[PDB]
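Quick heads-up: it's one chain on its own, the form deposited in one PDB entry, in structure tokens.
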């Protein structure tokens, strides 16, 4: 392993120093480099099992076995004396900046994955460019640097969720002794959006500052990979240019799908538009049943909206369906209407949006139920949440040789490498991976370290925890119950479960036996926890810590031996005893 690893590390690193903790000549070079403002990776051989072996294999590259040894872009540059020679002669800058390419790394896409990869790479001396361009939505919405999560995803979604939760805090406050006349309390959509957008703006700016502070070149331009190392960029002016890079990271993300029905693109909106919408949506129809559909419907209802969700078949396809049903039942019991087994046929315009007084328009939605009954209802706003899709040109990807799948996503090795060996793909366009911001960030940071600092650690995409920020939140880590039973068989699966009631809900007169948790375990494997599921407040805070234990192979016994923190919702995971096979009720 050592020699193959060393060959790839030396070939790929932009500027790398092989060193030892204890080496005065190593510190000499480190200080000259720091003095010269030259960033680099460092591998301390004395902190590695195989450091001994590595130091000797280096002679296959350097002809020496001493430390320090500095390499630039695959070329041995020198020991301590040679580096100081270059420094003294003011040749060092030109050496560390010599390359066949304009950049060591070009990142195409300035979102969760691409910004994380670009910043991490720059730390090790990789001369880096990040390209980002936001193609406007059909009604012309655009936004700044940061990608989907920052601008039209997790960040504004969770902030609007919080605004919705505050509706229930206002209700609860009365029961806890606060004197407030809710009859006189209303919500102002545009005040909320202005606050959300001011925060997003601070993030757009912050990322630009972060890139500048790491000496990353930020180009607000559309990038097109036209050969393995050439990226064609088109700026706002439509000026076309070409830049070259050693490594390329595709991090271009996805955009919302529209259904192919008359009126959808003209009169509907998607999540891309919702989070900066200048007018309150008013009476709203959400078409779709993904976590985005339900999250959006949920906070619109809590903000006082008349909300309907049109569901083609099931809720939260791909998630544990028992939990999905409970999520939806809570929503229906708390205002959200569901038109189940229903699809849209056409959207007709009845009023145009009032761009002046910031009022919504009015739409007639025609569709049909599976039972043959017609759906025909007026809505002020119609939101499509029917899937997201990558935006890579299949043709041009074919030309360069980057393989895509059926769905247009990039087919990658377990180290994110595409079929073009210097080109990598991270984030939502990486076929088969969980489409989540912390996944993209971990992938991009870990990839940058393997490319430019000799790291070996891969991203682990197994048992990645999630949380759906519906009005009652749903956290999960690992297998759904049904997937566990399909994999291992019903006889090998035990499911421990319980209802519970947040203490906060008692004085507030909220529901018994609605919050719910379960552990799906494998009997044959010492009751290994295969999946954890919780429906309740703060479900993401609950779930996160357990994801560490699950990654370590937690068993039911590990949960049982841990002592609860009281009073919390999470502590119920430490005292589960009712199994599904026992038939005993999980109510409490």
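Here, rigid core means the biggest group of C-alpha atoms that superpose within 1.5 Å across both forms. Numbering follows the first chain given and starts at 1.
- Here the stretch with the larger average CA B-factor, out of 551-559 and 33-41, is 33-41.
- Two stretches are in play, 386-394 and 112-120, and the higher mean C-alpha B-factor belongs to 386-394.
- The PDB entry assigns its highest CA temperature factor, among 241, 470, 422, 202, to 241.
- Between the residues 184, 326, 518, 366, the entry's highest C-alpha temperature factor is the one at 184.
- Sort the modelled residues of the chain by CA B factor and residue 576 lands in the lowest third.
- The deposited CA B-factor of residue 488 belongs to the highest third of values across its chain.
- In the deposited entry, the Cα temperature factor of residue 276 places it in the lowest third of its chain's modelled residues.
- When the modelled residues of the chain are ordered by their C-alpha B factor, residue 449 lands in the lowest third.
- Among all modelled residues in its chain, residue 440 ranks in the lowest third by Cα B-factor.
Another form exists, deposited in another entry; not displayed. Remarks below refer to it.
- With the two forms fitted on their core, the C-alpha shifts between this form and the one not shown stay under 2 Å for all of 303, 397, 331, 353 except 397.
- Whereas the shown form places them at one spacing, the Cα atoms of residue 397 and residue 416 lie at least 3 Å farther apart in the other entry.
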